[PDB]
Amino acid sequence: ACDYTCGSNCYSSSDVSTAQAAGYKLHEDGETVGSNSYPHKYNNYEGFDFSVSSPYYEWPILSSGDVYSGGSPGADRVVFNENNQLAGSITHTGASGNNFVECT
């Protein structure tokens, strides 16, 4: 079973932690990869009720299992704060426009 179901995609905590660990390293180092400059600040326009505190940063989590290193970011993202705490997994899949919804 999936710990997080992003529409069609299936993720386990292991996928979540591994992807977060890559986004936080880049964040701490002040570097970014890809056209959308990842990772970047997640303003939370949606107004999700995260249990960890801001600021939040979003980073692509991939269905392939590979860690994001450029190219298409897909539709899924892991949101984590300054302390390297996971806020949750979200996705563009099932949401209008460029909005997000949390993963099942």
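Start at 1 and count along the sequence shown; that's the residue number.
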| query | finding |
| --- | --- |
| Between 5 to 13 and 89 to 97 (mean CA B-factor, as deposited), the higher | 5 to 13 |
| Mean C-alpha B-factor comparison - 57 to 65 and 36 to 44, higher one | 36 to 44 |
| CA B-factor ranking of residue 71, expressed as a third of its chain | middle |
| CA B-factor placement of residue 81, once the chain's modelled residues are sorted into thirds | middle |
